[PDB]
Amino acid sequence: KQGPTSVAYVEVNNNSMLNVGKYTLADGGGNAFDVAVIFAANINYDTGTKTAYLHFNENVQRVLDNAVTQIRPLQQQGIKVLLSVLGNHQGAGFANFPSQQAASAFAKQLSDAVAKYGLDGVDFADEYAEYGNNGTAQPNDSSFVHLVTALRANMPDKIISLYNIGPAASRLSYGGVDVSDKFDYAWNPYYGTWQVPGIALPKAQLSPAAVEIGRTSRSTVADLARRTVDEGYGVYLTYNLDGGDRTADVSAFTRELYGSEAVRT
């Protein structure tokens, strides 16, 4: 298989991670998706200790606890699995950690979770943090740099990606350290559109295209995949892969990215 890196986000609240492994290319048998993203664990805030911390809702916890059936099989077949981390309406977000030490403690929780569950990486989605709730501060310009630097240091050989949205995504440089190069990938969060991420990464690691499989018209899915290849971009994002038969939708972009339509087990 040769072509852009395919990524699929799965809202584990309602869907199975395994669905991502169901699609392969008719010509070649390669995976239609190269990366699967568990959406989403989150950044919580303890008002008492005034400390942010990593939280997994029951659904996220359930899939992590069942890594052998929910995650391991995807990895066995060559698909990378990442844990997305999202804001949780509690004031704490990736852009408002008060210090280097504070950001670093949270990065350890992340890297520890990655090792414990045998994950391939982390995805940062700075949305719904609601900076300010519970007496918290507004995003500052060192928090994210500190968090990314620590995480990357913690897991040098794993994946770290950026869902391109929010205060954090605009605060990649501080004190002479630009954290753009510590990210493996970055992508557009707006389904049905082409929006090149601002983060200073080369085309090969960016996905200006974004589609919500089953919702975006197969014409637009095909168009964005076509533009991806034509403009030389190296990633393509599919959001909300569900349990329905989306072979036609997956084929809409695989024909363009890989030259083969897809098959679903």
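From 1 onward, residues are counted along the sequence shown.
> In the PDB record, does 121-129 or 167-175 carry the higher mean Cα temperature factor?
Replying inline: Between 121-129 and 167-175, it is 167-175.
> Mean C-alpha B factor from the entry: is it higher for 72-80 or for 155-163?
Replying inline: Looking at the recorded C-alpha B-factors, 72-80 comes out higher on average.
> Highest Cα B-factor in the PDB entry belongs to which of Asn13, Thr24, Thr247, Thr254?
Replying inline: Spelled out: the listed residue with the top C-alpha B-factor is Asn13.
>> Sorting by Cα B-factor within the chain, modelled residues only, which third would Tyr191 end up in: lowest, middle or highest?
In response: Ranked within chain, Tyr191 CA B lands in the highest tercile.
>> Quick check for you: using the entry's CA B-factors within this chain, is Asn88 in the lowest, middle or highest third?
In response: Middle third.
> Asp34's Cα B-factor: lowest, middle or highest third of the chain?
Replying inline: Its C-alpha B-factor, which the entry lists for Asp34, ranks in the lowest third among residues of this chain.
> What third of its chain's C-alpha B-factors does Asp184 belong to: lowest, middle or highest?
Replying inline: For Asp184, whose C-alpha B-factor we compare with every modelled residue in the chain, the answer is the middle third.
>> Splitting the chain's C-alpha B-factors into thirds, which one does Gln100 fall into?
In response: CA B-factor rank for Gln100: highest third.
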